[PDB]
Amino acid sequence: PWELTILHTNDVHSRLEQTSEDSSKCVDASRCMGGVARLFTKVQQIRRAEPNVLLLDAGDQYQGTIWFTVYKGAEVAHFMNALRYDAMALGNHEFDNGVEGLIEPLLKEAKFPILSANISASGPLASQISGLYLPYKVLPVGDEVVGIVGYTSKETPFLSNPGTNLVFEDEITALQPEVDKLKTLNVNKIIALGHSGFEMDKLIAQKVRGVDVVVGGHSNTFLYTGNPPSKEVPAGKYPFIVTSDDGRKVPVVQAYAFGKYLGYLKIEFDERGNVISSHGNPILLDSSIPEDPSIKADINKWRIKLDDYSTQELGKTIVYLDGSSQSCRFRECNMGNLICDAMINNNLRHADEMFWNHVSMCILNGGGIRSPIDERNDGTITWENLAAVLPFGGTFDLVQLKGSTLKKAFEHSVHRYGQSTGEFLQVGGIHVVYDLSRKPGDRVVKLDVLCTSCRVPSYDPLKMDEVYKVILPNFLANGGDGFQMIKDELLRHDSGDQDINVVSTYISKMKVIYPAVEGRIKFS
């Protein structure tokens, strides 16, 4: 039997440096995790021990920290090249800077193939991008070859900025003919590597005949066999076994996010390319693994431009930006309005005749706003100033919520009002009126929301049965601050852009800001 070791990462999201246990800024070095210098140490160790190794990335290296803000993907090409990745699938966030922000920095500079079989181009873009990404690549491994076939979320137009010259095809429709073609070319060992989420990965393992292994991403899915080594709770065993329509056992793997773990799957194949066995587990990249000194010194050299950028003026405010707890945990605060307005601006996607924009609504825990910004430094706002307001390393995610769920969230917002607790919600595209003299759970007396399916945006009463798109912190999507109803009742969840980066881009665009308190939240 021919044994292959698959090493894999996904949704690394700009975590070039080691991180805290929750993937935020490293504070206590002796307990920090991940980063590319530590990953290098572990990959090097495995390649010294195992003859047949592939190192794969399932997309979403782009977006997550100031590294991406400043280097715009040049850091991805440089450090993935240094780690000698064998292949990468395109994720949704590889489109955050448009097709031009993908072609240059990443597609032209990567020394490995970049894959997606379900993205097609038209017009002059088709000629410009031809061959810079591939449906698949056949790679030599020892005396054998392995086909790797890519895929990317069909939902990418709603979750990034790919433009109107790319079409994202149904994954299974696009994959099947490519996998059948590889069989005609005597390629009997096939990996599907791609970026659609665990649920789609299981459908691909079930329905795409000839796929031996699925290596996925997007949903930040943690899988594990045995007692978990850290705080992430597994969604299933590692690998997750799907029984295919043709009766094979197909392993499905993912490795959480943020470079905290290295996926590690051993596959035994027979002479005909059938999987005999599969086993493994993600490896926690904790402090017991030393950071490679050479990669660490290069990271520290690249950090100088980040430190310089962090104190540059992004733009100006002519108003005090009130991010005080006394304001933002008790009433509408103009820092809350700014952040929610930045969140909606970040989520303007391709227009369509059925909506002015796909999403119009924002909620934000007031306890997540951690500092004001004074306007008396000649109005200057810097990244360092925003990092004081938003220090947690979160994202502003897209969810679908029934109106009933959102009403329950606004009741929870004020269920114990008056104690300076963090659950009080700041908003955008929502007008709420509370009556605090009513019983907890029955304090919301008006709730109006900005339409999407309209050419002129206007407010209408919230409907209990209707599903709304809402932008909100990942902290709330995951049920933080007691918002268990959001976690338990949401219909869709996709991870969005870095919190600081969303606000910095908005301020840079606007140049001069003056957010008001305007009656989004009232008390009767």
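All residue numbers refer to positions in the sequence shown, first residue = 1.
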- [ ] With reference to the PDB entry, specify whether the mean Cα temperature factor is higher for 192 to 200 or for 135 to 143.
- [x] 135 to 143
- [ ] Tell me which of 47 to 55 and 34 to 42 has the higher mean C-alpha B-factor in the deposited entry.
- [x] 47 to 55
Task: Peak C-alpha temperature factor (PDB record), options 212, 332, 86, 104 - done: 104
Open item on the list: Highest recorded C-alpha temperature factor, please, choosing from 128, 156, 426, 371.
Closed with: 128
Task: residue 340, C-alpha B-factor rank within chain (lowest, middle or highest third) - done: lowest
TODO: Could you tell me which third, lowest, middle or highest, the C-alpha B-factor of residue 397 occupies within its chain?
DONE: lowest
Task: Third of chain Cα B-factors occupied by residue 416 - done: middle
- [ ] Would you mind checking where the Cα B-factor of residue 152 ranks among the modelled residues of its chain, as the lowest, middle or highest third?
- [x] lowest
Task: Entry-reported Cα temperature factor of residue 14, expressed as the chain third it lands in - done: lowest
